Engineer: 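One structure follows; several queries about it will come next.
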Amino acid sequence: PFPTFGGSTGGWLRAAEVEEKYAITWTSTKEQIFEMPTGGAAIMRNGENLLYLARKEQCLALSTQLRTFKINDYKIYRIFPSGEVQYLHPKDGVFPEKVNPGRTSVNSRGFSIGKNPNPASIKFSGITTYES
Amino acid sequence: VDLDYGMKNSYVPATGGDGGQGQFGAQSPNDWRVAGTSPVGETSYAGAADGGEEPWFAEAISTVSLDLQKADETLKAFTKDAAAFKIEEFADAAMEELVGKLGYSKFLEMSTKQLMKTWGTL
Amino acid sequence: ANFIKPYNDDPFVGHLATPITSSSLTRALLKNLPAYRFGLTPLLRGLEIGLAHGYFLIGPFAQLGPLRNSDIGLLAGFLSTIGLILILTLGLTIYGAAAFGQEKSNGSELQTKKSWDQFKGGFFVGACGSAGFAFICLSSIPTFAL
Amino acid sequence: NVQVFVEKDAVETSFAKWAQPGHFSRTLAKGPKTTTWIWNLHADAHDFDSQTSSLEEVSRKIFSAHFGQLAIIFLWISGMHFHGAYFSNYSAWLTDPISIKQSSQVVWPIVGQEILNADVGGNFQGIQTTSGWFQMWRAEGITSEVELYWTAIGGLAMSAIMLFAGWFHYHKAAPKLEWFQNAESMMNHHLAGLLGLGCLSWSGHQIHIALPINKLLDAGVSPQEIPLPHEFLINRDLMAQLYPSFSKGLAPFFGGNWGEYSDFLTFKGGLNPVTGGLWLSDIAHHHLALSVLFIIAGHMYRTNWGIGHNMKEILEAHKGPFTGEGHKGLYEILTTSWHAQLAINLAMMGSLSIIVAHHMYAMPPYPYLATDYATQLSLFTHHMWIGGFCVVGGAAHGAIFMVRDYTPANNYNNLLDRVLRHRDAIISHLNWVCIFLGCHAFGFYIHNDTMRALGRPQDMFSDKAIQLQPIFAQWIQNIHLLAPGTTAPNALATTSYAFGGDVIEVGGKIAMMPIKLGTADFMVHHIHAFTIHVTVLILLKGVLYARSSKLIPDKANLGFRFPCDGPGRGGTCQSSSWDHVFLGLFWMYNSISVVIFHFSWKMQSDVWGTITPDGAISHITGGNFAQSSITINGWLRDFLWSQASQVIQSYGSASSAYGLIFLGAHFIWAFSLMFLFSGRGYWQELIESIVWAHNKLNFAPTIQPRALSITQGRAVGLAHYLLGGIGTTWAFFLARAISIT
Amino acid sequence: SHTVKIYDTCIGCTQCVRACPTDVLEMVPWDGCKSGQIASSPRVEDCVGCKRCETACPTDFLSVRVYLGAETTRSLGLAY
Amino acid sequence: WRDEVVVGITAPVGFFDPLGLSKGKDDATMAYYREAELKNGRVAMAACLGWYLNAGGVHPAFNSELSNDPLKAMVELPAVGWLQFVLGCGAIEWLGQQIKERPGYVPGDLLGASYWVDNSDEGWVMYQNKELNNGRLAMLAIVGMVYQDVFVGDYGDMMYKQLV
Ligand code: CLA
Ligand code: CLA
Ligand code: CLA
Ligand code: CLA
Ligand code: CLA
Ligand SMILES: CCCCCCCCCCCCCCCC(=O)OC[C@H](COP(=O)(O)OC[C@@H](O)CO)OC(=O)CCCCCCCCCCCCCCC
Ligand code: KC1
Ligand code: KC1
Ligand SMILES: CC1=C(C/C=C(\C)CCC[C@H](C)CCC[C@H](C)CCCC(C)C)C(=O)c2ccccc2C1=O
Ligand code: SF4
């Protein structure tokens, strides 16, 4: 289910084999040319498409481009060398820009940015002002 | 398939100036520092591909793939809590009705009142 | 009709099969070089590589070094070549230490500490001996006249 | 079907929008809220494709703006002719071109600046000018200031005509986009009409006017006794006295016995011994043959009569087993993108300017140009700089094409697509080539400096030591020296004496002599190769990584010109293709500086100088190039320190303006480093304290002051860098060359 | 990994989330503002530190703040 | 082998073996014959180009001291140059034999173009035919030029110089 692509020198390197790799799948309703983030143009297949990339940012750039094609079913995974997979995006089946019940807020501080403590007040504690 | 496989890395978060390991882990559990290419008949590292008669390009051979079945299964495994939340708020068999009637991705995408509407049909 | 295709029939790997990377000449040459040739002991890979390099390394020193116009110019060139080989051997030694650690190697593959030590020793011997052989050969250059 | 399609009364003529600064931009139209607005207004003024999404409107704006540029150029030429007519010693210089210094600028007596009116000879005081006007006018046959006045009047008329034409073709009769997309017809007209008829008519002027006037002027006839130009037209006997084949007339031309015209259409080569310039008969034959060639070339493309070539067909046919679809899609690119066309045309025009510089020094085309060392230096240097800027601009507009007009759908598996698909290989190999060239070429100099400093001259790379002879260049020089009798049997002398031959002497000064190439020439030519390769590396990286990279996968969405993508990923400052143009400009400056220094020193050391009637040659710097140019210390001492003497000792003479400009250019160059080394965060914070002081006294602009943008900081820094460095070299060259000429 | 904090001046405009190139941020329910949502950064392991989110944020001063810290492969944006 | 080979068969003469030197030869023998035809043709093409350059006077090596006559320059070249030429060709031949052992090796295909294209493609067959025919012509031309230089004394152009 690979798109029609003649190859490039911009693809993944040894890291994809030994550290981590990324995959993006999506469904197209016709054969259409798109821009590979790694350089050059590829032809989407009618139906399911799968593409491997070195970085998550490359997958998200491609997904941003897919949105201009009216394609919103893309899924982004991370694959480890052992073959374990992580489903990354959209994490809960809903795009992060659309508020969703069941998400919990992470990393909020209940005050305006001007109320962080003074550095001299936490010297030698090992913490930063934004984490305390 | 373990869900914390990414988190079980060797990255030890520092006490300051460090966001730590987030939802999936700060880094891969696999040591990227492996050997360079190797002679004909030998492997550079544990899971390395045998480059056959061209070991110098052995690293260009892919041993990491994503077959569609693994994709669907990890999609379900990683979103099991979100689906559990959606059935908890919409309300076992009911979830099997909804996720086969319209789909699993669609079940995640819809709303509890909307699913209360589609449950009206049977 | 098309002399370029994705390497390993994989469009998404960062490599292309071209005549430079995938011709029969390139493949035969690379598979036959001692760094890759099937069946060699690490010591023999190191020895062949050292023999290849030490022979040509003496030339720049003998012909262009500071003492090139003295009558001991060849001897000085050989000494310079030996010094260069020592520098390279130090590089190989510390490389092996970094890349493989100091634990006992579990295998006989070249990319292991014990095998790399054998390879480094073979390289040192081959290079120094080859520099000496080139010194002998340069001591008497044949004109090739009957 | 090639047809003229024009819309009438396209745009009203009114001053309303002149009162609405920024009207062209939707964002800038709302008016300023900070001083940034002001800068943006000038930056986006001619960025037509960002002011509208219609290609037809962009084409119309471009056409009219081109007319405006033509009007400006005609005004400039007319002004030069008027200054020749009223503020020059051209008449006096005509009588004795050797001892009188050309001068066409005069300054008013105020605050003591009249010292700049040098004693240039001919009962005239002024500034010695180096743009070659007198030589060109004498070559044209101009013998009186009245002819110059009429040429200036016509220049004014043409400037007004171009201005009206621009107004007319924007506001009254604006062509449709289909008109502009007529590549075939445009090529046919510009080859056959513009270039072919231009060459034919100029050859007509040269044959009928310039040739006999110059034959008389060389023969020693006074300018006040030479017949007026129209007499040569109305008196075939006057021409028959000079060139006898004119007594046969045009009968040989239509009969085919063209050999009869061998007396005024020649193939002599070499230089005219009296003037030191090319033979005007050779130049006339050259222009006639070129006119024929261009007129032929202008019938290649099909317009309306069935015959001719379609460019898209030719391009589509050229594809091979290594290149996929090959040239398919290129025609669409070059007929829909103004940036693609501008990239090609700037690259070509700049390269052509560089070629012009070389060819004009080695085969001096105008009389008394070769021994006017100031003019030769200034023309070579000027055209080198123009060419460098134009090649860099071509690169910049290629990058703009990649960002804005490149569409993946129209470039599947063609040459552009495959270049993008192996950009990593291209850039890695170019990087390696640059390192190899730099290390070896510059390490030669560093090795030599170290050897000489250690008292080991015999270990240097030099002619007297380890030698690096440019044997290929020498082989070519010998071939060209032997050409006149054998491989160009009808040529009587060499194309240029730089390749070999005698010394051409004019007024006791050397016009041209063989330029020998040794170890120092090898080293400097490899320095040139190095600098050009690095400049190409920067610019080609800017084009090939314009849309994306492994660092920033979505660069095209950030645009052609953006400062960065933030401090993340380690830091992404200057990742945009505009920043690649920015760095390439510095490298082009480095390259051209080295080229013009090589020219200046080599010509002074080995070519220019005096020559006694006996035959003894005394060069300007005594032949020191070979042993002094092989170390950096020799360049610092024997070139810069030694030849700067004139510019630094110029105070109190007519050259004092050069000393002042030398200093001011140093000042502006150093001033640029404030912008190049700093960042706007500091300056905005300082401006906060200054705005505080103004607010403390109850006043502050509603146009809030802002430090320049990141990209504007870079642009300003680079502009002042180039102005300072180039102006320093300008003052230095001009003082030196006026002294030695 | 970089640190990304959301302060309570957030008006839930979702602009930082749309700006993020690596999907670090997401909108979550919250009763502190009119829009009924606040920004969140559950996936800081993928934050590169580009600060596009800060460029997008309309509040004065910023409601999302990125503090750069310990570098990883992911935060350095390495394809190798 | 005759119903398998297409390269080398071309217009005028079609298949050309009047002596019947290919009948009853095994596939290995005919592969040897094709490899030899190609190698002799390629060597002869290179020899023709080198001879033409030398005869024209374009031999700038050794300060252009060697004679314009190629058969004289052959003996004026020192022994060590010929030793290098022979040993370098020998090393290339050793590598070529290694290539030849490989499965699916096409006789004369050192580049291994079979990894990308085969004779089912028309243009590749046509370009192979161009190579082969020019090789045949160059073999004849090198023999003829050697004859003309040895027995007729003239080492240059005797066919087209008479025109101009
Ligand atoms: C970078 C340019 C450069 C070059 C070409 C030279 C060249 C030289 N230097 Mg100098 N030098 C330089 C810069 C350079 N120098 C610099 C920057 C300094 C510091 C200021 C010096 C300071 C210096 C000193 C103090 C001395 C020299 C000396 C020398 C001479 C002997 C050096 C030697 O034997 O190396 C040995 C070279 C090698 C071991 C290898 C050379 C590289 C090989 C040939 C590349 C082969 C690649 C191959 C073609 C690739 C494909 C092969 C195949 C497998 C496909 C030689 C002429 C000595 C001398 O006496 O001069 C007369 C000397 O005493 N140099
Ligand atoms: C090609 C460009 C060009 C250049 C660089 C020069 C340069 C010069 N000319 Mg020459 N000249 C030219 C073309 C040129 N000229 C042409 C085409 C003609 C024929 C008309 C002349 C005819 C001529 C004569 C007769 C004389 C000169 C003189 C001069 C010198 C003094 C100029 C001066 O200070 O005037 C005074 C400068 C001003 C009054 C500055 C006013 C600037 C205005 C106000 C700003 C305009 C900005 C914008 C357009 C307007 C916006 C606002 C507006 C709408 C209200 C100077 C070297 C003089 C000279 O050489 O003396 C020995 C002199 O006598 N020129
Ligand atoms: C900022 C731009 C700039 C400026 C200020 C100058 C300034 C000058 N130029 Mg230069 N020039 C430039 C760019 C510039 N040039 C470029 C980009 C080129 C490459 C085409 C040239 C090629 C050039 C030539 C060949 C000559 C000059 C000359 C001059 C000097 C006399 C001016 C004049 O009116 O001569 C008028 C020009 C002529 C009388 C000769 C023109 C002959 C060329 C071949 C005509 C080409 C026109 C053609 C239609 C252009 C299209 C190219 C085609 C491939 C599409 C003056 C110093 C002249 C000089 O040095 O005199 C002493 C001179 O002979 N320039
Ligand atoms: C045929 C020539 C030509 C044309 C028609 C264009 C046209 C354009 N360029 Mg290109 N470009 C060119 C050559 C050309 N360029 C060259 C030779 C270079 C290399 C330097 C470039 C490099 C370049 C860059 C990097 C960019 C452009 C951009 C543009 C576009 C915006 C222009 C604008 O609004 O600036 C308005 C004009 C000004 C603000 C005037 C600037 C004054 C300069 C900086 C200094 C002048 C110094 C003066 C001569 C000396 C004074 C000395 C005295 C004070 C003592 C416009 C489409 C921009 C773009 O975005 O394209 C889409 C852009 O970012 N160009
Ligand atoms: C004089 C100051 C200077 C120097 C030495 C350099 C050097 C370099 N620049 Mg830089 N550059 C400079 C000014 C300078 N630049 C400025 C002011 C800017 C701002 C505009 C830039 C912006 C810039 C860009 C955009 C690029 C460069 C690139 C390069 C590299 C070019 C490739 C090369 O030739 O490597 C060879 C090394 C040298 C030529 C330096 C000395 C070599 C010695 C003499 C010989 C070898 C010695 C050897 C290493 C032994 C050392 C002994 C030691 C251990 C004791 C080279 C390292 C380019 C690059 O990286 O391309 C690959 C590149 O793209 N520079
Ligand atoms: C001396 C000038 C500069 C020389 C630089 C390097 C010297 C090495 C020899 C290279 C010349 C031949 C190139 C291959 C021969 C050639 O001319 O093209 C031959 C071949 C053309 O293939 P086709 O027959 O498919 O072409 C059909 C054409 O119609 C193109 O559409 O091109 C290729 O195989 C790919 C070209 C990239 C090959 C990369 C080789 C390395 C290039 C070096 C960088 C060039 C610098 C120039 C930039 C302007
Ligand atoms: C058809 C393919 C062809 C080949 C393969 C070929 C080869 C050679 N030609 Mg010939 N030749 C033509 C065609 C061919 N020539 C044509 C169409 C013409 C009419 C213009 C022509 C005329 C001359 C003249 C006047 C001379 C000449 C020479 C040589 C000699 C040196 C080659 C070199 O170095 O360029 C080599 C053997 C020179 C010579 O024989 O010197 C003793 C010499 O003076 N040629
Ligand atoms: C391994 C690297 C290498 C070096 C370092 C090297 C160097 C020289 N070669 Mg050699 N070369 C090869 C490789 C190398 N060559 C190979 C693989 C082949 C077979 C294809 C080959 C063929 C020839 C032929 C035909 C001649 C030749 C020569 C010289 C000579 C020139 C200076 C001189 O001797 O004056 C210098 C020392 C000429 C000659 O020796 O003339 C008496 C000569 O005619 N070579
Ligand atoms: C000095 C400097 C500044 C400060 C310089 C500024 C703000 C330029 C000021 C330009 C003036 C205000 C316009 C010209 C006006 C004259 C200087 C004075 C005339 C005053 C009135 C008539 C307008 C930057 O903003 C900056 C930004 C990014 C990188 C480097 C730098 C940098 O180096
Ligand atoms: S703001 Fe300035 S320093 Fe920071 S990344 Fe952008 S260009 Fe670099």
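Ligands are counted one by one from 1 in listed order, and the atoms in each one are counted from 1 as well. Heavy atoms only: backbone and side chains are in, while hydrogens, waters and symmetry mates are out. Letters A, B, ... are given to chains in the order of the sequence lines, protein chains preceding strands, and every chain is numbered from 1.
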Engineer: Do the rings of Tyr55(C) and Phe133(C) sit parallel, tilted or perpendicular, given the 30° and 60° boundaries?
Structural biologist: tilted

Engineer: Applying side-chain hydrogen bond (donor to acceptor under 3.5 Å, both in side chains) to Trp39(D) and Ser709(D), what does each step give before you reach the verdict?
Structural biologist: CA-CA 9 Å; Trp39(D) 308 114; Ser709(D) 70; over 6 Å; no

Engineer: Would atom 34 (O) of ligand 8 count as contacted, meaning some protein heavy atom under 4.0 Å?
Structural biologist: no

Engineer: Could an N or O of ligand 9 be found under 3.5 Å from any N or O of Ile687(D), whether backbone or side chain?
Structural biologist: no

Engineer: Could you check which of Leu673(D), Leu708(D), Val716(D) puts a non-hydrogen atom nearest to atom 8 (C) of ligand 9?
Structural biologist: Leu708(D)

Engineer: Counting distance only, does the side-chain N/O of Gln98(F) pair as donor-acceptor with the main-chain N or O of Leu29(C) below 3.5 Å?
Structural biologist: no

Engineer: Measure from atom 18 (C) of ligand 8 to the protein's non-hydrogen atoms and state whether any distance is below 4.0 Å.
Structural biologist: yes

Engineer: Please indicate, with yes or no, if any protein heavy atom is found under 4.0 Å from atom 16 (C) of ligand 9?
Structural biologist: no

Engineer: Polar contacts were defined as any N/O atom of the residue lying under 3.5 Å from an N/O atom of the ligand; does this apply to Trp39(D) and ligand 9?
Structural biologist: no

Engineer: Does the protein put a heavy atom less than 4.0 Å from atom 31 (C) of ligand 9?
Structural biologist: yes

Engineer: Evaluate the 4.0 Å heavy atom contact test for atom 24 (C) of ligand 9: does a protein atom fall under the cut-off?
Structural biologist: yes

Engineer: Scan the protein's non-hydrogen atoms and note whether one is under 4.0 Å from atom 1 (C) of ligand 9.
Structural biologist: yes

Engineer: What atoms of ligand 9 come closer than 4.0 angstrom to any heavy atom of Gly713(D)?
Structural biologist: 28 (C), 29 (C)

Engineer: Parallel, tilted or perpendicular: which describes the rings of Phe380(D) and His358(D), with under 30° parallel and over 60° perpendicular?
Structural biologist: perpendicular

Engineer: Are there protein heavy-atom neighbours of atom 37 (C) of ligand 8 below 4.0 Å?
Structural biologist: no

Engineer: Quick one: does atom 28 (C) of ligand 8 have a protein heavy atom under 4.0 Å from it?
Structural biologist: yes

Engineer: Quick check on contacts: which atoms of ligand 9 are under 4.0 angstrom from a heavy atom of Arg680(D)?
Structural biologist: 27 (C), 28 (C)

Engineer: Is atom 28 (C) of ligand 9 in close reach of the protein, with a heavy atom under 4.0 Å away?
Structural biologist: yes

Engineer: Under 4.0 Å from any heavy atom of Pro78(F), which atoms of ligand 8 are there?
Structural biologist: 42 (C)

Engineer: Just checking, is any N or O donor in the side chain of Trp133(D) or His81(D) under 3.5 Å from an acceptor N or O on the other one?
Structural biologist: no

Engineer: Indicate whether atom 2 (C) of ligand 8 is within a distance of less than 4.0 angstrom of some protein heavy atom.
Structural biologist: no

Engineer: Any atoms of ligand 8 less than 4.0 Å from a non-hydrogen atom of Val80(F)? List them with their elements.
Structural biologist: 42 (C)

Engineer: Which heavy atom of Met363(D) sits nearest a heavy atom of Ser496(D), and at what distance?
Structural biologist: CG-CB, 3.7 Å

Engineer: Looking at atom 40 (O) of ligand 8, what's its closest protein heavy atom, distance included?
Structural biologist: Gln84(F) NE2, 3.0 Å

Engineer: Quick one about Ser185(D) and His189(D) (side-chain donor to acceptor, distance below 3.5 Å, no hydrogens or angles considered), yes or no?
Structural biologist: yes

Engineer: Show me which atoms of ligand 9 lie under 4.0 Å from any heavy atom of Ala707(D).
Structural biologist: 25 (O)

Engineer: Find the distance between CZ (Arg561(D)) and CD1 (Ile710(D)) and round it off to the nearest 0.5 Å.
Structural biologist: 13.0 Å

Engineer: So, does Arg680(D) use its side chain to make a donor-acceptor pair with the main chain of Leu708(D) at under 3.5 Å?
Structural biologist: yes

Engineer: Please work out whether any backbone atom (N, CA, C, O) or any side-chain heavy atom from C-beta onward of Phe675(D) is under 4.0 Å from ligand 9, and answer side chain, backbone, both or neither.
Structural biologist: both

Engineer: Checking a contact table here: which protein heavy atom is nearest atom 43 (C) of ligand 8, and how many Å away?
Structural biologist: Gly81(F) CA, 3.9 Å

Engineer: Checking the side chain of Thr381(D) only, and the main-chain atoms of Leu377(D) only, is there a donor and an acceptor separated by less than 3.5 Å?
Structural biologist: yes

Engineer: Between the main-chain N or O of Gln128(D) and the side-chain N or O of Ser103(D), is there a donor-acceptor pair closer than 3.5 Å?
Structural biologist: no

Engineer: Do the side chain of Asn32(C) and the main chain of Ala28(C) share a donor and acceptor less than 3.5 angstrom apart?
Structural biologist: yes

Engineer: Hey, does the side chain of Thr81(C) reach the backbone of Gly77(C) with a donor-acceptor pair shorter than 3.5 angstrom?
Structural biologist: yes

Engineer: Atom 41 (O) of ligand 8: which protein heavy atom is closest, and how many Å away?
Structural biologist: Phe62(F) CE2, 4.0 Å

Engineer: If you define the side chain from C-beta out and look only at heavy atoms, does anything of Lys101(D) sit under 4.5 Å from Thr741(D)?
Structural biologist: yes

Engineer: Check the angle between the aromatic planes of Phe671(D) and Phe667(D) and answer parallel, tilted or perpendicular using the 30° and 60° thresholds.
Structural biologist: parallel

Engineer: Which of the numbered atoms in ligand 8 are under 4.0 angstrom from any heavy atom belonging to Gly88(F)?
Structural biologist: 19 (C)

Engineer: Do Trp578(D) and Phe562(D) have ring centres separated by under 6.0 Å?
Structural biologist: no

Engineer: Verify the contact flag for atom 8 (C) of ligand 8, where contact means a protein heavy atom under 4.0 Å away.
Structural biologist: yes

Engineer: Indicate whether atom 23 (C) of ligand 8 is within a distance of less than 4.0 angstrom of some protein heavy atom.
Structural biologist: yes

Engineer: Ligand 3: which protein N/O atoms lie under 3.5 Å from its N/O atoms?
Structural biologist:
| residue | atom | partner | partner atom | Å |
| --- | --- | --- | --- | --- |
| ligand 3 | 9 (N) | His383(D) | NE2 | 3.4 |
| ligand 3 | 11 (N) | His383(D) | NE2 | 3.1 |
| ligand 3 | 15 (N) | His382(D) | NE2 | 3.3 |
| ligand 3 | 64 (O) | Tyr366(D) | OH | 2.6 |
| ligand 3 | 65 (N) | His383(D) | NE2 | 2.8 |

Engineer: Which class fits the ring pair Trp93(D) and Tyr90(D): parallel under 30°, tilted 30 to 60°, perpendicular over 60°?
Structural biologist: parallel

Engineer: Between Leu77(F) and ligand 8, which residue portion shows a heavy-atom distance shorter than 4.0 Å: side chain, backbone, both, or neither?
Structural biologist: side chain

Engineer: Between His205(D) and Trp202(D), is the gap from one ring center to the other below 6.0 Å?
Structural biologist: yes

Engineer: For the pair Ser672(D) (side chain) and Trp669(D) (backbone), establish whether a donor and an acceptor sit closer than 3.5 Å, ignoring hydrogens and angles.
Structural biologist: yes

